[PDB]
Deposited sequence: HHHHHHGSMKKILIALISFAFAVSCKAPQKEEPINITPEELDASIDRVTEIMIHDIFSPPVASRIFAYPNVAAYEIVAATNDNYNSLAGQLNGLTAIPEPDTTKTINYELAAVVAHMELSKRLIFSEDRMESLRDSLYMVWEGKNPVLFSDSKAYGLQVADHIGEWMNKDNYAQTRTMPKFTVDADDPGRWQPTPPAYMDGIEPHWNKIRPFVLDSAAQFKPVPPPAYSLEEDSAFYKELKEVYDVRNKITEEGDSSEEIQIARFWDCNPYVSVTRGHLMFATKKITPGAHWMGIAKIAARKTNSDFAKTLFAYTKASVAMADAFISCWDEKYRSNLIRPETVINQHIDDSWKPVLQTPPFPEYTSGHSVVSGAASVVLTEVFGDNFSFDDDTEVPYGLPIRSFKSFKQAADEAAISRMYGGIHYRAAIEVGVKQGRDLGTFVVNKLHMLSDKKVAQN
């Protein structure tokens, strides 16, 4: 039995789809999701870069990353197969419900092994060797240590400080996300933005005026009635697993990267190049954004409105359980759109069907940037951000993503 084994980008997509699903079932948060996407892409990309003269190794470019082992030249290895192996193995390690990765994996293994047991076996061994190397590095990123650090300390005596919001009143998510090793940033605070307008109920103050806009936008939306377009836009981008089945913003952008790669018929290495660069950038965008959320510790609009303006007002969207400034939707979309523009081009139009399996319709866009701008403004229609977190958050993600694409040297022709 010595048939060739044809590995397509769609088999990388099947691993990413599957981990996406399990992340939903397992209830991982938006910043933790971004870690789970990045490391398995890196391992798979390393295997391509070791064996393809057009792609440079990320070793020496990502913080702490050294060269992976080279393949044994006396073995016959399908490197894309090895790469899918390594992606699935690290995705398995990163989620909680491991048996749902293992069923995906075993069903592919069964066909590979049936077609060509020696090619399967040699390629799998190298993929796993490579996953062990990446996993040693990934296990030094301080994630394990932060798993036992203290919860965010809520204090009502501190007037502009973030409080848990109804219905669930969940404690703030990942208050020490800024202690995770970044991939590319010099430090987590590298893109620290300007501070938010000072919390104040003075009617002439910047903060009050922004408070009144959130309040007024929502009431204008009520007077327009359900359906409308602004409510659909807030819902499409919401991506909040704590509503009381949804994917996170990181996941949504991975789905957009997949749509672009398939629309262009990108081959396996091009597709993986795009996913790696996007997932790495989004992972540092989350670190950067969570760094600012937990520096400014800012109260979300509904709490201020209900306590001091109007006790019956409710945001169009349920408020996410973490501080306000800057907006994760803004920063993460901003970084992801800069990467994908750099990879696939300006005015890349696409139909975004990523939300079709989670309750929602298709929305079309003329460019990644238009989608990211929509993502950002959706948070104002949604009632859960003031304008600064939105606008400053876009600049933050754009600046961070520009830094990542100007730093990482991955595509690099032999020819």
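K.L.:
Quick one: where does the model skip the deposited sequence?
P.N.:
The deposited sequence has unmodelled segments at 1 to 29, 274 to 283, 455 to 458.
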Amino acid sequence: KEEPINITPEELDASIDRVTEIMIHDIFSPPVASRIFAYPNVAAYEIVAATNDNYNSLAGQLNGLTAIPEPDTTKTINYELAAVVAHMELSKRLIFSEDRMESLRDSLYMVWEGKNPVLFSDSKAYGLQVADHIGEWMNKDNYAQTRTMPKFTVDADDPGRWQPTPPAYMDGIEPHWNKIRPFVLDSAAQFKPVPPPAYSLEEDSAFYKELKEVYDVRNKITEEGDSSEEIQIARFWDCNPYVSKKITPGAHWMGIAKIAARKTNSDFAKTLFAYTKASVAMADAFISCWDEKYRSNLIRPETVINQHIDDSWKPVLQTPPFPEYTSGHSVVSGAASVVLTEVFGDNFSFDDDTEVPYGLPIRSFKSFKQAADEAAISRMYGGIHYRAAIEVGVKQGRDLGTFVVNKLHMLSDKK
From here on, numbers count along this sequence of modelled residues.
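K.L.:
Quick one: say whether 272 to 280 or 144 to 152 has the higher mean Cα B-factor in the deposited entry.
P.N.:
Taking the mean B-factor of the alpha carbons in each, 144 to 152 is higher.
K.L.:
Name the higher of the two by mean Cα B-factor in the PDB entry, 71 to 79 versus 224 to 232.
P.N.:
So the stretch with the higher mean C-alpha B-factor is 224 to 232.
K.L.:
Which listed residue, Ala189, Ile259, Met101, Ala251, has the largest C-alpha temperature factor in the record?
P.N.:
Of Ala189, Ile259, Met101, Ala251, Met101 has the highest C-alpha B-factor.
K.L.:
Highest Cα B-factor in the PDB entry belongs to which of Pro159, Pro182, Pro164, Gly135?
P.N.:
Answer for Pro159, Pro182, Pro164, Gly135: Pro159, with the highest C-alpha B-factor.
K.L.:
Which third of the chain holds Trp237 when residues are ordered by C-alpha B factor: lowest, middle or highest?
P.N.:
It falls in the middle third of the chain.
K.L.:
Lowest, middle or highest third: where is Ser266 by C-alpha B factor in its chain?
P.N.:
Middle third - that is where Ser266 ends up once the chain's C-alpha B-factors are sorted.
K.L.:
Could you tell me which third, lowest, middle or highest, the C-alpha B-factor of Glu391 occupies within its chain?
P.N.:
Within its chain, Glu391 is a middle-third residue by C-alpha B-factor, going by the deposited values.
K.L.:
Is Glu46 in the lowest, middle or highest third of its chain when residues are ranked by C-alpha B-factor?
P.N.:
Lowest third.
K.L.:
Rank-wise, by C-alpha B-factor, drop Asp17 into the lowest, middle or highest third of its chain.
P.N.:
Middle third by C-alpha B-factor.
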